[PDB]
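Before any comments, here is the structure.
Protein chains in written order, with my numbering: chain A, 1 to 248; chain B, 1 to 246.
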């Protein structure tokens, strides 16, 4: 991005919910970003399930994921969530953030190839230690809100070191809201509830194609109570509504 | 396509509205489809703005449309609807059905290439008589709901004579509803009102990707009054809701 500025007026949406967090919002045409908190926008957190984005791309590139119509079959064995115990498309596996599906993808990719792609994508601190299947969730990988929007911008422009076809496939799998004036592409993440003194993190990252403009966004918050999880969409949604971007 | 089977339980959605029309729905593939009217399912009509689907693909294949982020700039001159009087992306032009954007694309494609691709796509009667920029609106081009679902299935499967890349670009531009469990890709068409004795046609065609299943659909109806237009979505939406698809 070209520039960033602090805009403390969005803070009302955070303080109304007693939330500690950050929103980064970038306008494509101007290359300019605004955040409520410049310091936090640069702080690096576990990507949790937002890692499913580069994971999906890498799985495609390596041929671990065959094509966009790949069905990931439930093997029948009891999974960690009820919603994962079923056959899933790529979009399906992305949306229920099916840990087991993506853990298997990452296993098949392997450390060497995973590290190569993460380096090429300039994705986070690029540190993959703690298990080839658990590094993003309870291992060492860390990424900032600013790095999330830069990465998503490169994905939007097909600029990642991956085929255009594979980036297109992932971009469509990420569609989460369609309106006549705008398309929202997005991904949630949630590391867990941590402790009160060491909270977990919740994310919502993505971009809005709005008429001929595009807006890149990344939100994160401290979270110690699963009841607060819906705020990870509601705060950035209210901000984007107030910005005249969505709602619409 | 494969086989088409009459489903009389859908008639009530048409008679409740005094609508003459057809719904074709195919689960997994066009190998077997269901319909309310066997004769009408294969009857061919002006495609009107449903033609924007092949037009967008052909525009991309020929390089007339540079890439997926091309912006179609408004020149400031009057266009037939106010919603077309602005710069538009490919998705934008599709979603608002920006006739003049697609007319200029068609002119640049030209008749020879246009004909070639309609043949490759088996798009309806493949007849482009009537003017390069209007054959789909007032000319001789005709396509049936059965053929719409075959064409959409080929697009879905990236089996059209076009790059996978350009088929994906057009598919994304067609997304009209996103939910956790499904994605709807769709396109409307409306030829006009004609007369009582020679009505226009209204269309709604597309596919639903639900869980690990896919449903191809095509709807058309006779229309002679513009106030009836919302029915081209509500009739098929009601049918698909009752089937538990959406």
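Backbone N, C-alpha and C define an ideal beta-carbon position, used for all residues, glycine too.
Query	Result
Report the partner residues of residue 233 of chain B according to the DSSP bridge assignment.	According to DSSP, residue 233 of chain B bridges with nothing at all.
Where are the alpha helix (DSSP H) runs, 4 residues long or more, that stay fully inside the region 139-226 of chain B, in chain order?	145-156, 164-173
Grouping DSSP H, G and I as helix and E and B as strand, with all else coil, what is residue 109 of chain B?	helix
Between B/224, B/124, B/244, which has its C-alpha nearest residue 208 of chain B's C-alpha?	B/244
Going by DSSP in three states, residue 35 of chain B sits in which element: helix, strand or coil?	strand
Is DSSP giving residue 22 of chain A helix, strand or coil here?	strand
Excluding the 5 residues preceding and the 5 following residue 42 of chain A in the sequence, name in chain order all residues of the same chain whose CB lies nearer than 7 Å to its CB.	144, 146
Give the interface partners of residue 257 of chain B over in chain A, defined as CB-CB distance under 8 Å, in chain order.	Residue 257 of chain B falls outside the range modelled here, since chain B spans only 1 to 246, and no answer is possible.
Please identify the residue among B/112, B/8, B/187 whose C-alpha is closest to the C-alpha of residue 293 of chain B.	The structure shown does not extend to residue 293 of chain B, since chain B spans only 1 to 246, so no value can be given for it.
In three-state terms, what does DSSP make of residue 123 of chain B?	coil
In angstroms, rounded to a whole number, what distance separates the CA positions of residue 274 of chain A and residue 17 of chain A?	Within the shown structure, residues of chain A are numbered from 1 to 248, placing residue 274 of chain A beyond reach of any answer.
Compute the beta-carbon to beta-carbon distance between residue 173 of chain A and residue 61 of chain A, rounded to the nearest angstrom, for a pair I have assumed lies under 8 Å.	So it is not a contact: roughly 14 Å between Cβ atoms.
Could you give the C-beta distance for residue 111 of chain A and residue 90 of chain A, rounded to a whole number, given that I count them as a contact under 8 Å?	Actually they are not in contact, since the Cβ atoms of residue 111 of chain A and residue 90 of chain A sit about 23 Å apart, beyond 8 Å.
For the ligand FAD, is there a heavy atom less than 7 Å away from the beta-carbon of residue 110 of chain B?	Among the components of this structure there are no ligands whatsoever, and the ligand FAD is therefore not found.
Find the residues of chain B that neighbour residue 183 of chain A, judging by a C-beta separation of less than 7 Å, and give them in chain order.	91, 175
Give the secondary structure of residue 97 of chain A by DSSP, where H, G and I count as helix, E and B as strand, and everything else as coil.	coil
Ignore the nearest five residues each way along the sequence and tell me which others in residue 132 of chain B's own chain have a CB closer than 6 Å to its CB.	106, 107, 111
Please confirm whether residue 104 of chain B has its beta-carbon closer than 8 Å to some beta-carbon of chain A.	no
Residue 203 of chain A and residue 189 of chain A: beta carbons closer than 8 Å?	yes
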